[PDB]
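*Asks:* Opening piece of a complex, kept in its complex position:
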Amino acid sequence: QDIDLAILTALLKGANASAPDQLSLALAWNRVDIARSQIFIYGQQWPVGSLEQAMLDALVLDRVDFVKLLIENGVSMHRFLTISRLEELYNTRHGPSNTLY
């Protein structure tokens, strides 16, 4: 009933992609609606470590609704944030600008 989602969906199977390759694609698309509907499912498993590396990506690109789904579903920040990851967060150049430098 909508070509928008149909075109994006046809690329989800068309990428021949598991769930992390699907979600990194949607994250570059800034399209979290297709993530919630197809990429996130009920019952099958995502590979270990893919959910957490997607955050190093989602936080540095200011993907605020991807944060709401990527971690509040299944990655605790009490089980994500370390010294090295917060350092890589403070040393990104992606996303918006800053007065930090």
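*Replies:* It's in. Numbers count the residues shown, from 1 in each chain, chains lettered A, B, ... in the order given.

*Asks:* next one: stretch A:41-48 to chain centre, how far?
*Replies:* Mean-position distance between stretch A:41-48 and its chain equals 15 Å (C-alpha atoms, centre = their mean, to the nearest Å).

*Asks:* CA atoms only for that stretch - export them in PDB, please.
*Replies:* The C-alpha coordinates for stretch A:41-48 follow below in PDB (Å, rounded to 0.1, in the frame of the first residue of the first chain):
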ATOM      1  CA  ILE A  41      12.100  -9.800  14.700                       C
ATOM      2  CA  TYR A  42      10.700 -12.200  17.300                       C
ATOM      3  CA  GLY A  43      12.700 -15.400  17.900                       C
ATOM      4  CA  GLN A  44      15.900 -15.600  15.800                       C
ATOM      5  CA  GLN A  45      19.400 -14.500  16.900                       C
ATOM      6  CA  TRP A  46      21.800 -11.800  16.000                       C
ATOM      7  CA  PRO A  47      25.500 -12.500  15.900                       C
ATOM      8  CA  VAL A  48      27.500 -11.700  19.100                       C
END
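
*Asks:* Now that stretch: buried residues?
*Replies:* residue A:46 (16 or more other C-beta atoms under 10 Å). Backbone N, C-alpha and C define where each C-beta goes, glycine included.

*Asks:* Please apply the same query to stretch A:79-93.
*Replies:* residue A:80.

*Asks:* CA atoms of it as CSV?
*Replies:* Provided in CSV are the C-alpha atoms of stretch A:79-93 (Å, rounded to 0.1, in the frame of the first residue of the first chain):
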residue,chain,number,x,y,z
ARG,A,79,27.1,-3.6,29.7
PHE,A,80,28.3,-1.3,26.9
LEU,A,81,30.1,1.8,28.1
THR,A,82,33.8,1.3,28.8
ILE,A,83,36.9,3.6,28.9
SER,A,84,37.9,2.8,25.3
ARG,A,85,34.4,3.1,23.8
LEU,A,86,33.8,6.5,25.5
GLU,A,87,37.2,7.6,24.3
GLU,A,88,36.3,6.7,20.7
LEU,A,89,33.0,8.6,21.3
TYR,A,90,34.9,11.7,22.4
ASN,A,91,37.3,11.4,19.4
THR,A,92,34.8,11.1,16.6
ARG,A,93,34.5,13.6,13.7
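
*Asks:* sequence below should go in as chain B:
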Amino acid sequence: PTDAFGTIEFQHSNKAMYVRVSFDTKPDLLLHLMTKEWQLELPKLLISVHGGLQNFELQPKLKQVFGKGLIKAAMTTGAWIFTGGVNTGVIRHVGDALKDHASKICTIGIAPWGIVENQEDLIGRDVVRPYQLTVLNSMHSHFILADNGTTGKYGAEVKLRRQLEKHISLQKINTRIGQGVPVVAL
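*Replies:* Okay, here's chain B dropped in alongside the others:
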């Protein structure tokens, strides 16, 4: 001798508490399990919900009405609703209802251990279970799962619930206004 009473720790997040049993259990046996080691109060009503066994759908206002109704009803009488257990059928909609309020309440989940996705790791006692043979409704804190041995049929839960409903209606613990908690099958 039985070997699992763990918790589910799916990565929202919600804990649980359950035990694997058999069809060869007494309902008074499961009664003092519920009241003492489970440490649970008696309801004032038993909302026994059965439904279409396959995963069905409702109209949107039916979904909201059933959700708000079960949630608000459970709060008034302060009770425990018997269900099936797996994330399939009416039981999926019940878990979606419990997600619709998600504030405070508990619902009991009589279902088979015979049908369970990843039977082996949930033998682990009080151990993390991040449910990714069907997974049990993750929104259920109580789900008694009867290991009748046999794996992949729908058994040891039609009889078990049948007894536990008749028994909890008849045994009349606590105040017992009328005769026990009156049982109503939605």
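
*Asks:* Take the buried residues of stretch A:41-48 again, chain B included.
*Replies:* Under the neighbour-count criterion of 16 or more other C-beta atoms under 10 Å in any protein chain shown, stretch A:41-48 has residue A:46 buried.

*Asks:* contacting residues around residue B:50?
*Replies:* Residues counted as contacts of residue B:50 (C-beta atoms under 8 Å, 6 or more residues apart in numbering or on different chains) are B:84, B:90, B:185.

*Asks:* 10 Å instead?
*Replies:* B:82, B:83, B:84, B:89, B:90, B:91, B:158, B:161, B:185, B:186 (C-beta atoms under 10 Å, 6 or more residues apart in numbering or on different chains).

*Asks:* Can you name the two of those residues that sit furthest apart?
*Replies:* Within the contacts of residue B:50, two members stand farthest from each other by C-beta to C-beta: B:158 and B:186, at 17.2 Å.

*Asks:* Could you list the contact residues of chain A toward chain B?
*Replies:* A:41-46, A:51, A:71-76, A:79 (C-beta under 10 Å from any C-beta of the partner chain).

*Asks:* where do the helices sit along chain A?
*Replies:* A:3-14, A:19-29, A:33-34, A:50-60, A:64-74, A:83-90 (DSSP state H).

*Asks:* do the same with chain B
*Replies:* Shown for chain B, the helices assigned by DSSP H span residues B:27-32, B:60-77, B:90-101, B:158-171.

*Asks:* Tell me the buried residues in stretch B:9-22?
*Replies:* B:9, B:10, B:14, B:16, B:17, B:18, B:19, B:20, B:21.

*Asks:* How far does it stretch from one end to the other?
*Replies:* 24 Å (C-alpha to C-alpha, to the nearest Å).

*Asks:* Contact partners for residue 67?
*Replies:* This is for chain A. Counting by C-beta under 10 Å, 6+ apart, the residues that residue A:67 touches are A:32, A:55, A:58, A:59, A:75, A:77.

*Asks:* Switch to chain B, please.
*Replies:* Neighbouring residues of residue B:67 by C-beta under 10 Å, 6+ apart: B:58, B:93, B:94, B:96, B:97, B:98, B:99, B:100, B:101.

*Asks:* Fine by me, thanks again.
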